[PDB]
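So this one's two forms of a single chain, laid out as structure tokens and tagged structure 1 and structure 2.
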Structure 1
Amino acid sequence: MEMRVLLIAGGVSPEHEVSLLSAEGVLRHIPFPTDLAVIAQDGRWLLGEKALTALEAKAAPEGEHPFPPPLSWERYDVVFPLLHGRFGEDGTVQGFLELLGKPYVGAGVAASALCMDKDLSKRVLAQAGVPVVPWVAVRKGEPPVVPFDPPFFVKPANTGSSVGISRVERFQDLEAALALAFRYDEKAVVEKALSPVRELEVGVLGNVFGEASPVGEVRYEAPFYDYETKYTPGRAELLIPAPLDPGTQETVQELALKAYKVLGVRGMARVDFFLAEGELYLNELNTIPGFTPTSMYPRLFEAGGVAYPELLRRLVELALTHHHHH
């Protein structure tokens, strides 16, 4: 194999540890020679053997090299950013790689920024006619104006892994939920809580001609699909294909591919939906989905006949056929 890939994991967002878990899964299956670079929680980079050491430790609070790191970029044919959340999944790292001129996996600057913002992505989806849950944006230090009645879900606008998210039952509890959310972002969303709800997820793979995996369903005992439920082995019930009538599954895949085109994604996405009283809502799109042992995206494509090494090989090829097209 002449191909050489640079995997970047870790990061400064609250999903630092999740990103390192995703790295273990990708490195276990990727069929190209791949080097790891870790972004420690302080923003400094660990390279070579120190990055592997940090991987085993499953967290890297302190790094060695201030950005930009002394990394030999010219050794790598493709860069694979596996950095969930702010400063990784939101276009920041993508902007750096664009300036380096390196082919890289996944969505570009604008689609990455847009899909990380739960307010702006919903505006664009709603404008395209995609159903989304009623919501309002709230900015820090500005009084909330919620045209609908609780229960609410309150989120930092740029969150992942359910960090900073509250299920809010009483309006009295809103200001506490917003204040938690504002620990992670200057902007929060307040959404109408669907209850009861089923949670459906579908993977997409492609640049211009996205293709959808089978639909999967998540079930759990907790009050919502929270951080502990997402990453504690065994806690989440991952059902593939979703135990749903085939027509609803078809509508979910159609909506996912529509949203992928509307939001301008490339490389990959995991698209999350809610199903409530027969109605589908697109919840969000994640441009760098998790690859942890409890993550849906590699499992969805496995069920669709795309094995884990093949899935990773296709992501790397799509990175190269995007760049060549310019």
Structure 2
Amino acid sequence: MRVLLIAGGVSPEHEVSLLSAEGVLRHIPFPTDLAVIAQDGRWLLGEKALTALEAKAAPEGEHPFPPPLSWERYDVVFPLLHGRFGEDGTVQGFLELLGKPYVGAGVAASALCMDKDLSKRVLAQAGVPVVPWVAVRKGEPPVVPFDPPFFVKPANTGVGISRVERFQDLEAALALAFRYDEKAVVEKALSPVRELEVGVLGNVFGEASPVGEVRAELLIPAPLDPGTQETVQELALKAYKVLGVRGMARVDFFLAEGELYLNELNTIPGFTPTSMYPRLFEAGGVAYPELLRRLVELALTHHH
């Protein structure tokens, strides 16, 4: 079985995407070719991709989309792209039309988990705790029922984020966010707050890894009481199932005043050997080569 690895991308996470590709290529137990999307959207195949990998940045590519890629020569595609044109369902839709099995969530789950507003609406309706938030659309004035501090983020970008401490500064933060997305979210900023992260693996019905914490060091496992550790994993699996995520997801939480809040589901998390998602499943008995093998196997299982 041969695997195609697509990395880079036009998003600001182009570099960290290439760093994830280097770690995967160094440990995947399959023959794996690399294909790079340069920052200008054009593709690099063959040796120019590896050259772009070693340079850690591909500013300009060769082939405009769609690329002259021998799709039939690969059994599984691993979209290792972060952010826009990576985790938002566009590349997934292309692969769906190519008929190629691919790692990770499908079009609907990728687009939903990328939308900071619509994902919370789904999660809140399912009974999953999330931080109080409001959507603001460009032009329409904002209606914020809570008090500062807020976070003002572009809803679909995954840059333009501001921590607003005075209501006076809200119009400036919305103006900054609106130049990257027509819809913005305003989230109540919790403080003090701890960040917890847990990995899920599987198709719709996943298994949870141990919980980790970001304090920038990675506490693995996170120093959590037995009850809180369980609720984090339970809440992650529920959210994973409600959104219909496939393959994998890193589910980030907030812990404040003893309350858990689902922060974000990442369908293509950072994947260096030292990244949180591989380290969490390593702590759970799933080593990095085995983790990559299972992700490929799950891509084929869904494809029947």
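When a residue number appears, read it as a position in the sequence of structure 1, where counting begins at 1. Only the largest set of C-alpha atoms that superpose within 1.5 Å between the two forms is called the rigid core.
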Legend entry - Which of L100, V124, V109, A179 is displaced between structures 1 and 2 by 2 angstroms or more at its C-alpha, rigid core aligned: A179
Legend entry - Large Cα move at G264 between structures 1 and 2, threshold 2 Å, rigid core: no
Inset, instruction - Could you tell me whether the Cα atom of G43 shifts by at least 2 Å between structures 1 and 2 after core superposition? - result: no
Legend entry - Residue shift check between structures 1 and 2, rigid core fit, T53 Cα at least 2 Å: no
Inset, instruction - Provide the displacement, in Å, of the CA of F209 between structures 1 and 2, taking the core as the superposition reference. - result: 2.4
Legend entry - Shift in Å of the C-alpha at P293 between structures 1 and 2 after core superposition: 5.1
Inset, instruction - Mind pulling the C-alpha shift for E191 between structures 1 and 2, with the rigid core superposed, in Å? - result: 0.3
